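Below: one structure, written as structure tokens.
Protein chains: 2
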Amino acid sequence: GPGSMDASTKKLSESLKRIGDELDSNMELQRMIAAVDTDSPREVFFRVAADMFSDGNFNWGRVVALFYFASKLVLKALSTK
Amino acid sequence: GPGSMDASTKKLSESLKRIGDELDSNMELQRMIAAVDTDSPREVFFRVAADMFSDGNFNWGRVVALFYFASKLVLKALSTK
């Protein structure tokens with residue numbers, strides 16, 4: 048926890064670290080995403096992925112955004128057998 | 048959004064689509080990273096990447112920002128033609 052040698056580099060890292068934590072701490076996304084129908088979690092997710100690939104949209108650094116989203120849905124269902 | 052039937056599912060997907068695209072529009076963030084001293088930009092990145100692996104910690108949703116930033120920073124500097 049307590050450590051500081053490159054206060055200028057640590058400062059940039061601090062701002063980015065908060066964005067990552069806030070991304071996961073975004074209660075609005077947690078509830079909206081938590082509302083994904085429980086009788087077909089794979090179908091609702093297949094629609095998001097299918098529409099993204101169907102329109103030919105593939106921006107950079109967005110595929111990884113899908114990895115956390117896909118990671119959260121599979122783990123959420125894996126922790127609630 | 049040409050063609051639709053489950054506007055509730057498409058709207059949820061739209062939120063995820065807007066988070067990735069809207070972030071790409073955050074010019075302020077781009078300016079902060081663009082301030083990395085020209086003296087070998089990989090040096091300031093090595094400081095953050097080294098610390099992330101140095102303590103053995105890996106918070107969920109941090110790697111996404113590291114791949115999005117590391118991948119976006121290397122291609123940006125590699126696109127010098």
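Protein sequences appear in the order of chains B and A. Per the authors' numbering, residue 48 is the first one in the first sequence, and the count goes up by one each step. Per the authors' numbering, residue 48 is the first one in the second sequence, and the count goes up by one each step. The beta carbon of each residue, even a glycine, is placed where N, CA and C say it ideally should be.
Practice item. Give the range of the alpha helix (DSSP H) segment to which residue 56 of chain B is assigned. Key: 54-71
**Study point:** Range covered by the alpha helix (DSSP H) that runs through residue 98 of chain A
**Key:** 88-101
Review point. Looking at chain B, which residues of the segment 94-125 of chain A have a Cβ within less than 8 Å of any of its Cβ atoms?
Key: 94, 95, 98, 106, 107, 108, 109, 110, 111, 112, 114, 115, 116, 118, 119 and 122
Point to revise | N-terminal and C-terminal residue of the alpha helix (DSSP H) that residue 118 of chain A is part of | key: 109-125
Review point. With respect to the alpha helix (DSSP H) encompassing residue 81 of chain A, which residues constitute its N-terminal and C-terminal limits?
Key: 74-81
Check your understanding: residue 56 of chain A versus chain B: which residues are under 7 Å apart at the beta carbon?
Key -> 91 and 94
Practice item. With a 10 Å radius around its C-beta and 16 neighbouring C-beta atoms as the bar for buried, classify residue 105 of chain A as buried or exposed. Key: Classification of residue 105 of chain A: exposed, given that the 10 Å Cβ count is below 16.
Check your understanding: Going straight from the alpha carbon of residue 49 of chain B to that of residue 124 of chain A, what length do you get?
Key -> Taking C-alpha positions only, residue 49 of chain B is separated from residue 124 of chain A by approximately 33 Å.
Point to revise | Whole-Å CB distance - residue 126 of chain A paired with residue 79 of chain B, under 8 Å assumed | key: Actually they are not in contact, since the Cβ atoms of residue 126 of chain A and residue 79 of chain B sit about 36 Å apart, beyond 8 Å.
Practice item. Ignore the nearest five residues each way along the sequence and tell me which others in residue 100 of chain B's own chain have a CB closer than 6 Å to its CB. Key: Excluding the 5 residues flanking it on each side, residue 100 of chain B has no same chain C-beta neighbour closer than 6 Å.
Review point. Hey, how far is the Cα of residue 91 of chain B from the Cα of residue 116 of chain A?
Key: 29 Å
Check your understanding: Where does residue 122 of chain A land, buried or exposed, given buried means 16+ other C-beta within 10 angstroms?
Key -> exposed
Exercise for review: Just mark residue 60 of chain A as buried or exposed, buried being the case when its beta carbon has 16 or more other beta carbons within 10 Å.
Suggested key: buried
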